[PDB]
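# Examining the three-dimensional arrangement
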Amino acid sequence: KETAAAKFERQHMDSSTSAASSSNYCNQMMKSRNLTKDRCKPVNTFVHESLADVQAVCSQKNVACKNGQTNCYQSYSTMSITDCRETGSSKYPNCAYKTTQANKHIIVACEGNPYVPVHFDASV
């Protein structure tokens, strides 16, 4: 029922803040966006740019995806992101995350008609 595009929006878009809210940000967002349901998702990135800006990346620099597919695109501009990485002390269901804020180029996989982000591949 949830499209691939909607799932990318749920897992990776947070336009509501310019940067990471706090040291707390990942613990809160990873649960609220339902990334801690069946396991602790080990690593996840949120993008603090408009949806339009992130969708636009599908028309930007074509690059190889990490899995070898060709449908990945790197932003020409840096973007505000937050990396969430599970701690070594993290035990499901109390999933614990290190929140790291950065400004980096993002790489997304795009699919569909219309052609939209469906997977967050990397930042660089």
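So, how was this worked out
Residues numbered from 1 in each chain as written, not as in the entry; some residues may be left out. Heavy atoms only, no water. Residues with missing side-chain atoms left out of burial classes, pairs and counts. UniProt positions renumbered as here; feature names shortened; annotations may be inferred. Salt bridge = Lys/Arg side-chain N within 4 Å of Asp/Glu carboxyl O. Buried < 20%, exposed > 50% of the residue type's maximum accessible area, 1.4 Å probe, protein only. Helix = DSSP H or I, 4+ residues; strand = E, 2+ residues; numbered from the N terminus.

For this coordinate set, the PDB header names X-ray crystallography as the determination method and states a resolution of 1.740 Å.

The PDB entry lists the protein under the name Ribonuclease pancreatic, from Bos taurus. According to the record, the entry carries the title "X-ray structure of the adduct formed upon reaction of RNase A with [Ru2(D-p-FPhF)(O2CCH3)2(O2CO)] complex". Here the protein is described in UniProt, under the heading Function, as follows: "Endonuclease that catalyzes the cleavage of RNA on the 3' side of pyrimidine nucleotides. Acts on single-stranded and double-stranded RNA."

## Quick word on the pattern of salt bridges
Within this structure, the stated rule accounts for 2 salt bridges. Residue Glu 2 pairs with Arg 10 through a salt bridge whose shortest N-O separation is 2.7 Å. Under the relative-accessibility criterion, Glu 2 is labelled partly exposed at 42%. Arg 33 serves as the salt-bridge partner of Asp 14, at 4.0 Å between the closest nitrogen and oxygen. Of this pair, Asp 14 sits in the loop between α1 (4–12) and α2 (25–32) while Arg 33 sits in the loop between α2 and β1 (43–47), and the two are 19 residues apart along the sequence. Each member of the pair, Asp 14 as well as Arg 33, is classed as buried.

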